[PDB]
Every structure is written in C-alpha cells, then in structure tokens.
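A.B. asks: Sharing a structure below in structure tokens format, with a few things to ask.
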Amino acid sequence: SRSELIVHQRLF
C-alpha cells in the first residue's frame with residue numbers, strides 16, 4: 001500500500 005509513494009520518495 002502506498003508503496004508507490006515510498007518508491008518515488010526513496011528514489012527522488
């Protein structure tokens with residue numbers, strides 16, 4: 001869940 005945000009937040 002919201003794993004797409006943490007993904008972008010971790011990358012960016």
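By convention in this document, the chains of the structure tokens carry letters A, B, ... by their order, each chain's residues are numbered from 1, and ligands are numbered from 1 in the order they are shown.
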Go through chain A and collect every residue that DSSP, computed from the backbone, puts in helix (DSSP H, G or I); the answer should be as a list in words.
C.D. replies: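 Listing helix (DSSP H, G or I) positions across chain A yields residues 3, 4, 5, 6, 7, 8, 9, 10 and 11 of chain A.
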